[PDB]
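The structure appears below as structure tokens.
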Amino acid sequence: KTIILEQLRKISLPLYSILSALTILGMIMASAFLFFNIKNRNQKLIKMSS
Amino acid sequence: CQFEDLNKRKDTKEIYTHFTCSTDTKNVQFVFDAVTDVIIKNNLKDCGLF
């Protein structure tokens with residue numbers, strides 16, 4: 001009765017790491033946008049757009 | 001320029017200048033559009049968008 005395992009069909013770890021790197025890069029870019037928007041909240045051009 | 005230099009609130013109050021004559025149609029259209037734009041500028045100031 002050869003032993004029967006039960007392995008999970010796992011998500012690759014390098015793929016997860018690459019996509020997490022890309023999404024944290026996107027998140028820090030979004031944060032930089034939030035900063036450069038909230039620092040220049042007084043120039044009229046940025047003030048016409050809520 | 002001599003009239004504009006009488007404004008002590010140059011950075012706050014806008015002064016409009018129009019040169020008129022007895023034979024024109026822009027004399028009456030100017031003020032029609034000018035005050036419409038003033039009203040829009042005022043309501044944009046009130047909301048703080050500008």
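With ideal geometry, Cβ positions are generated from the backbone for all residues, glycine too; neighbour counts draw on all protein chains shown. Any read-out appearing in this document is the output of simple, stated calculations on the displayed coordinates, not a laboratory observation.
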- Hey, among the residues in the stretch A:3-50 that are among the hydrophobic types (A, V, I, L, M, F, W, C) and within 14 Å of another protein chain (Cβ to nearest Cβ), which one's nearest to B:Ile40 (Cα to Cα)? A:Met48
- Message: Among (1) surrounded by 10 or more Cβ atoms within 10 Å (Cβ to Cβ); (2) under 30 Å from B:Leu49 (Cα atoms), there is one condition A:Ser49 misses while meeting the rest; what is its number?
- Response: (1)
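Of everything in the stretch B:1-14, what is over 24 Å from A:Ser50 (Cα atoms) and either touching a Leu at 6+ places or on another chain (Cβ under 6 Å) or not in a helix (DSSP H, G or I) (or both)? Give them in sequence order. Lay out the reasoning, then the answer.
To start, the set of residues in the stretch B:1-14 that are over 24 Å from A:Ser50 (Cα atoms) comprises B:1-10.
Once the filter is applied, which keeps residues that are over 24 Å from A:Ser50 (Cα atoms) and either touching a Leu at 6+ places or on another chain (Cβ under 6 Å) or not in a helix (DSSP H, G or I) (or both), the stretch B:1-14 yields B:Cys1, B:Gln2, B:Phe3, B:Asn7, B:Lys8, B:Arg9, B:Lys10.
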- Matching entry among B:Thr23, B:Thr17 (being exposed (fewer than 10 other Cβ atoms within 10 Å of the Cβ), in a loop (DSSP other than H, G, I, E, B), without any contact (Cβ under 8 Å) to a residue 60 or more places away in the chain and under 10 Å from the mean Cα position of the chain (by Cα)): B:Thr17
- Query: What number of residues in the stretch B:26-50 are of a type in the set (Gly, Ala, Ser) and within 11 Å of the chain's Cα centre (by Cα)?
  - Reply: 1
- In this structure, is A:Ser31 within 15 Å of the chain's Cα centre (by Cα), under 30 Å from B:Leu44 (Cβ atoms) and part of a helix (DSSP H, G or I)? yes
- Item | Residue tally, condition assigned to a helix (DSSP H, G or I) and either closer than 21 Å to A:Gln43 by Cβ or aromatic (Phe, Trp, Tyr) (or both), over the stretch B:26-50 | 11
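Per-residue answers, yes or no, for (1) exposed (fewer than 10 other Cβ atoms within 10 Å of the Cβ); (2) within 14 Å of chain A (Cβ to nearest Cβ):
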position	(1), (2)
B:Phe3	yes, no
B:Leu6	yes, no
B:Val31	no, no
B:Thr36	no, no
B:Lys41	no, yes
B:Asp46	yes, yes
B:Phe50	no, yes
